[PDB]
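As you go down the protein sequences, you meet chains G and F in turn. Note that the first sequence covers residues 194 to 695, 707 to 849 in the deposited numbering. Note that the second sequence covers residues 194 to 695, 707 to 849 in the deposited numbering. Just so it is clear, CB atoms sit at the ideal spot from N, CA and C, and this is done for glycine as well. Data first, discussion second: the structure below is written as structure tokens.
Number of protein chains: 2
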Amino acid sequence: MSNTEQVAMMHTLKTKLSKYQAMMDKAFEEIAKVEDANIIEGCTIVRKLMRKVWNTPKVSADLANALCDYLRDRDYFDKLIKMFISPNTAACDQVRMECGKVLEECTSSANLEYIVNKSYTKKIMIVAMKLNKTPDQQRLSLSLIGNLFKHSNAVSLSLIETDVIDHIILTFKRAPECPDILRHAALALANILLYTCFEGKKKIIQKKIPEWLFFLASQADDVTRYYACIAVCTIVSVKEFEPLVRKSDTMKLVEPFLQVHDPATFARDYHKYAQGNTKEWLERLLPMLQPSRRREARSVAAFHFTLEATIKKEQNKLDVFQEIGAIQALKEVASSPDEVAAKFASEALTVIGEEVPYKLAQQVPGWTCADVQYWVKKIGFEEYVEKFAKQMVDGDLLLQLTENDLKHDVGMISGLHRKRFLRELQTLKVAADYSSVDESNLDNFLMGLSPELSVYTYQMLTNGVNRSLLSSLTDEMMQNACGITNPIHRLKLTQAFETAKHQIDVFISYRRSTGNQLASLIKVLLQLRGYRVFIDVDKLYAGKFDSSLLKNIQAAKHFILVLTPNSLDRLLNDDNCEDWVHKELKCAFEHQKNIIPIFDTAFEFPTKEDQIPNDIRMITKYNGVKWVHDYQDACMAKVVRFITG
Amino acid sequence: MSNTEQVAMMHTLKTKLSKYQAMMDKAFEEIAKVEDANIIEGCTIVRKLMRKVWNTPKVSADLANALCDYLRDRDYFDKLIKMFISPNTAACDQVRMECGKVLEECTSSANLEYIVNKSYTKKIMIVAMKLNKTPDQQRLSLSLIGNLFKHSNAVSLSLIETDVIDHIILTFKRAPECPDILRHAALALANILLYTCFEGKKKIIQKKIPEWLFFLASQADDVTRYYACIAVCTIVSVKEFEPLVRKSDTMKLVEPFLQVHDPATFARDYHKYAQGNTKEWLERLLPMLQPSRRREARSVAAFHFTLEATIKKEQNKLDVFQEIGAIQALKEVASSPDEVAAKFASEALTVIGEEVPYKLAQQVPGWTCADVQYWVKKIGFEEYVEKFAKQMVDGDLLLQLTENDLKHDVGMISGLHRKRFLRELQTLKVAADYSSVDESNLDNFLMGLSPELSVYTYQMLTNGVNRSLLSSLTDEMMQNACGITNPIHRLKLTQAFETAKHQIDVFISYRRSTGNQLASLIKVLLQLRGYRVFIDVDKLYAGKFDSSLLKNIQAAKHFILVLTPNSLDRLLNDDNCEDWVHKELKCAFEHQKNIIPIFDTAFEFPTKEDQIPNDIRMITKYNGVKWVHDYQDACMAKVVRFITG
């Protein structure tokens, strides 16, 4: 499998993770409504998504795992557990069903560990035992039960205390008409046997489980038979229980069942149930290959490891068999006289092949020059690798590259070759993880905004940009400092800040008939001293009378009221606030403007002050400037003092 | 056939598909009225279009198929089915007829599969059996019947349960006068026999069908005879049924009927009926070439395969005979002592010739360097191919090319060579599918806007443009980022975003005798300022006063009122809205015009403002301009400011 494919996988993973995180959040909004149909629909969407994820060509396992992690990280998993185990869920069993199905999809090793750490284990087990009303409930029950049985020996042994084995027996005995029940039963038995001590195995066997595994291995369903063969061969792998399985006759079915199948053919049937098979479950199956075990057990183990090798080739994770050392046991079995086992082991070793030179870390800033060399080589620029080495290019340096650097320091002459190269580098830039350095999850943010914007991450990050600062950038800063020359991309992120939401110094109020002199004079005089001073002289707009007359007051810090003879007279009995000086002054009072009356020399307050409306009457008590034409400069200085405080 | 022709075909296909999709939509808008003449006319147009499509020089089959797909995709096909089978259609059987004729054109393999998937099959069958009232009904009936008989064995067998065979017999027996009836009968018999199991074949034969096929093969019509010869030779190809045909002279007619024709002459005759001939129908005919079958059956099969080879040469799909392996059976027959069959088989093999090196995928971004090399070669740039290879050019890179890249990295020195090359590349760009990457069918949108604009698709798509954003682009973004340097093309898409929304600009209201000279001057001054400004004097014609006065206001955005010594006067107590200035101003308010009073130099509002009707009273509290004759230019500047903000 190529480095182009390593990149494509990483890229796809990051991309679809970002996408499915968002879609999962939407589905979790329907869950978080806490309404039956919405929880059902949300869980249905999550279920569909998780299955589609598992059906994704090769990143399926990683993408499933990452979403299982995200479910824990978001507490979505915790919420599902609570909204499954809660007795209130009896209001609609279909809510419990959909929650349970999702939990089934999400029962990763780390999710089961979470369940154990939070001690939900027995609650979930009992609630699975309560899921019994229909074959669907029974299948889901046996599934969740069997999934709990993928945790360590102590947990399985603790769960034996529930006597769920008898519940399992009764479940398949009730509804053998469903092959999927027989599958989930045989699965549960395989899992518990694989994940239990000698004592617990003995307790399981006492429930006539070898004879029930004979029953299961006698069914028409190859997946049930596969699990039944694994389960009995797990028992057979223990010396003292071989006679009990011999008495069950199941070993006599085992090898013929394997003989009439091929692991890779069975893989295509088994895929739906192969999804979620894991390293520690392989580590526990590995002992069944050993020459100490029965030919039957060795044959099952060999067939199984070939099947897994097939799947792990597709996943590009054949390394697991080297990590657990299974390759040695396969060689032993391939050399053994157990022809069936030896064939399957030889076939498994045929699938094993050879290692990758490097698995590249998605944290590409951490790349050594050796990594860059390998990448460059594999993307088909071999003749330049020596020059990259000579230039001592590293992960960080790659991310900074421009065509000039190629043109000059790499000496890479073809513009076309540069285009080609840069396309790969852009792909890589998008694909790369930055969480190594991105404290702010700016990468995640950009991906969410649009995936390609990932390309800019490292530049802006290294310029010291972070997720909080994005609000504050000009198109210039973006374009130049962050190098986002594409205006389309700039527009996209601009839309984020367009959607992230949701001055006058002095207003002059005056009498239009008489304050006209003093007010505009004040306007002009204040325009000397650098104040923005505004007044309804020469300015009105937008048709129906301009509400600017109050908006301009709201924007103003200071409110000057010109008081000329009889200026206040029309405010008398203006209780309906019809007078515009009233509207202006009321607005000033409501918005706590720094209000200054300026008294013309001839001004006098109205005799009937009590007739001034209550909301504005306070103006008769206010702090103001008696305007004296003789002392205009001093009067204006006083006005400025009231403005400056 | 050249790659230039592959491109021309692909181009034409994409082009005419876009066109005929739009035309089909128009016809479907007539159908969607659910009114007899509109359904009839729409279906008539679709029928004409489908026949014209079938008459299209090369791409006929693909274009027909793509439109059959589009019909399903648009649910147009579903609508036709419903509007055919519905009992309400008995209101006008001509509706059912036109729907049925269109369905006949549109009964591709996938369309028949749709019918089967939706279980409409028996409903359509029975309704076809009800189409019996005229020779036209009978022909269409036998057609739809025969078309249903081109689905797989189980469907044909299920339709035998209707005893439609007796209906078929009675139909042609009723109307022997019509060659087209005899054709659709012989077709239905050929199809059902070709698409049925042994048991169903036996049931068909029991309806005296060999003797009816004698009758049909005895008729003067060569197309009826062809189908009759195929039908009997289908029966003759089955061991137990040779005597059931041999009871009749039909095999004795068969070879002489072939002998007096040439497959290519018959192709030109049969064309009308040669349309729609599937691979699957060929796959079922292939066994009739085998040396196990009669000389008659081998002769029919050989003649037929020559005829089909003739048509598939024209359609550029000779590959079918390699895919189904018919070439081997033709070689066997060509080697056989069946001289007539051997001649036709030799002629068929003469037509077969040799394969194309590549059939290019219209998804040209997916092209390998090998594909580009092949393209470059075939467009007549062979001497550069090695340089393209050396430059490692791919599908994506081709789409990015500029003359600079040719000039430098290809070292294509002739500007003329570049022009020539770019012309082909533009053609290819237009022709190419992008749906591989275009989530939004922006390609389709651009094509619909104008086909050549396809040229820009890949650039803007790779810049991250999508169908939603197009509204929002500046001429700069278009020109520069999207590279649409042709302003004409920019204008075209500008028209699209103009018409993504949705003349007198300013109306002048006045009291006639006092707005007068000023009102007129306002028109003149605003016309000097470029506004199309009109007045009460101008816009009264050939009818009632209101009915010409007011319409100007709705089309205007801006509404000036000249306020004057009798402006508002006649509005007082005008509760019945009798005053024309009232009607004008009310209309302005109702349609939210940005209304601006212009106060004459000696203007006063009515002090008895409370007598102004409530719907227009707001005008006394409006943003206006005091006209002062001495400052006419400043006043008009102010008017412009109120208009523009």
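Practice task
Check the Cβ of residue 822 of chain F against every Cβ in chain G and list those closer than 8 Å, keeping chain order.
Solution key: Those are 748, listed as they occur along chain G.
Exercise for the section: Count the CB pairs spanning the segment 310-329 of chain F and the segment 355-374 of chain F that are closer than 8 Å, and state whether there are at least three. Expected result: Look at the beta carbons and you see the segment 310-329 of chain F touching the segment 355-374 of chain F: at least three pairs across the two are nearer than 8 Å.
Exercise for the section: Tell me, please, whether the segment 783-801 of chain F touches the segment 746-759 of chain G by the rule of three or more beta-carbon pairs shorter than 8 Å. Expected result: Touching, yes, given that three or more Cβ pairs across the two stretches are closer than 8 Å.
Handout entry: Contact list for residue 800 of chain F against chain G, beta-carbon separation under 7 Å
Key = Ordered by position in chain G, the residues that pass the 7 Å Cβ test against residue 800 of chain F are 747.
Exercise for the section: Out of F/717, F/775 and F/787, point me to the one whose CA is closest to residue 703 of chain F's CA. Expected result: Since chain F is numbered 695 and then 707, with no step between, residue 703 of chain F has no place in the structure shown.
Exercise for the section: With 9 Å as the C-beta to C-beta threshold (strictly closer), list the residues of the segment 646-677 of chain F near chain G in chain order. Expected result: Within the segment 646-677 of chain F, the residues whose Cβ lies closer than 9 Å to some Cβ of chain G are 653, 656, 657, 658, 662, 665, 666, 667, 669, 670, 673, 674 and 675, listed in chain order.
Problem - Interfacial residues, the segment 339-356 of chain G to chain F, with Cβ spacing under 9 Å - result: Hits within the stretch: zero.
Problem - Cβ distance (whole Å) where residue 417 of chain G is taken to contact residue 461 of chain G below 8 Å - result: Going by Cβ atoms, the distance from residue 417 of chain G to residue 461 of chain G rounds to 17 Å, so no, they are not a contact pair.
Handout entry: Minimum Cβ-Cβ distance from residue 846 of chain F to chain G less than 8 Å
Key = Yes, residue 846 of chain F lies at the interface with chain G (some Cβ there is under 8 Å from its Cβ).
Exercise for the section: Identify the continuous alpha helix (DSSP H) that holds residue 463 of chain G and give its terminal residues. Expected result: Counting along the chain, residue 463 of chain G sits inside the alpha helix (DSSP H) bounded by residues 456-467.
Exercise for the section: Please report how far the alpha carbon of residue 689 of chain F lies from the alpha carbon of residue 613 of chain G, in whole angstroms. Expected result: CA-CA distance, residue 689 of chain F to residue 613 of chain G, rounds to 35 Å.
Handout entry: residue 736 of chain F burial status per 10 Å Cβ neighbour count (16 or more: buried)
Key = Exposed: under 16 other Cβ atoms inside 10 Å.
Problem - Residues near residue 386 of chain G by beta carbon distance below 7 Å, same chain, minus five either side - result: Excluding residues within five positions, the ones whose Cβ falls inside 7 Å are 394, 397, 424, 427 and 428.
Exercise for the section: Note down, in chain order, every chain F residue with its Cβ under 7 Å from the Cβ of residue 680 of chain G. Expected result: Residues of chain F passing the Cβ test: 670 and 674.
Exercise for the section: May I ask you to report which of helix, strand or coil DSSP gives residue 614 of chain G? Expected result: Helix.
Handout entry: CA-to-CA distance, residue 680 of chain G to residue 630 of chain G, given in whole angstroms
Key = Straight-line spacing of the CA atoms in residue 630 of chain G and residue 680 of chain G works out to 27 Å.
Handout entry: residue 518 of chain F classed as buried or exposed, judged by whether at least 16 other C-beta atoms fall within 10 angstroms
Key = Residue 518 of chain F comes out exposed.
Exercise for the section: Let me know the secondary structure DSSP gives residue 351 of chain F once reduced to three states. Expected result: Taken through DSSP and simplified to helix, strand or coil, residue 351 of chain F comes out as helix.
Problem - chain F contact for residue 716 of chain G (CB, 8 Å cutoff) - result: No, its Cβ sits nowhere closer than 8 Å to a Cβ of chain F.
Exercise for the section: Check the Cβ of residue 607 of chain G against every Cβ in chain F and list those closer than 9 Å, keeping chain order. Expected result: Neighbourhood of residue 607 of chain G in chain F, by CB distance below 9 Å: 583, 584, 585, 601 and 602, in chain order.
Problem - Closer than 9 Å at the beta carbon, the chain G residues around residue 255 of chain F - result: Near residue 255 of chain F there are no residues of chain G at all, since even the closest Cβ is about 30 Å away, more than 9 Å.
Practice task
Please determine if the segment 657-670 of chain F and the segment 599-619 of chain F are in contact, where contact requires at least 3 C-beta pairs separated by less than 8 Å.
Solution key: The count of Cβ pairs closer than 8 Å, one atom from the segment 657-670 of chain F and one from the segment 599-619 of chain F, stays below three, leaving the stretches out of contact.
Exercise for the section: Find out if the Cβ-Cβ distance for the pair residue 297 of chain G, residue 335 of chain G is shorter than 8 Å. Expected result: Not closer than 8 Å, so no.
Exercise for the section: Apply the 10 Å Cβ neighbour rule to residue 571 of chain G and answer buried if 16 or more other Cβ atoms are within range, or exposed otherwise. Expected result: Of the other Cβ atoms in all chains shown, 16 or more fall within 10 Å of the Cβ of residue 571 of chain G; this residue is therefore buried.
Exercise for the section: Verify whether the separation of the beta carbon atoms of residue 451 of chain G and residue 493 of chain G is less than 8 Å. Expected result: Inclusion of residue 451 of chain G and residue 493 of chain G in the CB contact set at 8 Å is warranted, their separation being smaller than that value.
Exercise for the section: Check each candidate in G/645, G/813 and G/847 and name the one with the smallest Cα separation from residue 205 of chain G. Expected result: With distances taken between Cα atoms, residue 205 of chain G lies closest to G/645.
Exercise for the section: Return yes when the Cβ of residue 211 of chain G is within less than 8 Å of the Cβ of residue 641 of chain G, no when it is not. Expected result: Yes, they are a contact pair.
Practice task
Could you spell out where the alpha helix (DSSP H) holding residue 449 of chain F opens and where it closes?
Solution key: Segment 443-452, the alpha helix (DSSP H) holding residue 449 of chain F.
Problem - Supposed close pair residue 480 of chain F, residue 430 of chain F - CB separation, criterion 8 Å - result: The Cβ separation is near 6 Å, so the contact holds.
Problem - Residues bridged to residue 764 of chain G (per DSSP) - result: Per DSSP, the beta bridge partners of residue 764 of chain G are G/712 and G/800.
Handout entry: Secondary structure, alpha helix (DSSP H): runs of 4+ residues fully inside the segment 471-550 of chain G
Key = Runs of the alpha helix (DSSP H) lying entirely within the segment 471-550 of chain G and spanning at least 4 residues, in chain order: 472-478, 488-507, 512-516, 519-528 and 532-545.
Problem - residue 598 of chain F at chain G interface by Cβ criterion, 8 Å - result: Yes, residue 598 of chain F lies at the interface with chain G (some Cβ there is under 8 Å from its Cβ).
Practice task
Return yes when the Cβ of residue 591 of chain G is within less than 8 Å of the Cβ of residue 549 of chain G, no when it is not.
Solution key: Not in contact: residue 549 of chain G and residue 591 of chain G (Cβ atoms no closer than 8 Å).
Practice task
Would you mind listing the beta strand (DSSP E) stretches within the segment 607-662 of chain G that are 3+ residues and don't spill past its ends, in chain order?
Solution key: List check, beta strand (DSSP E) in window: nothing returned.
Exercise for the section: Report the partner residues of residue 826 of chain F according to the DSSP bridge assignment. Expected result: In the DSSP assignment, residue 826 of chain F is bridged to G/748.
Problem - Cβ distance (whole Å) where residue 307 of chain F is taken to contact residue 270 of chain F below 8 Å - result: Contact holds; Cβ gap of about 6 Å.
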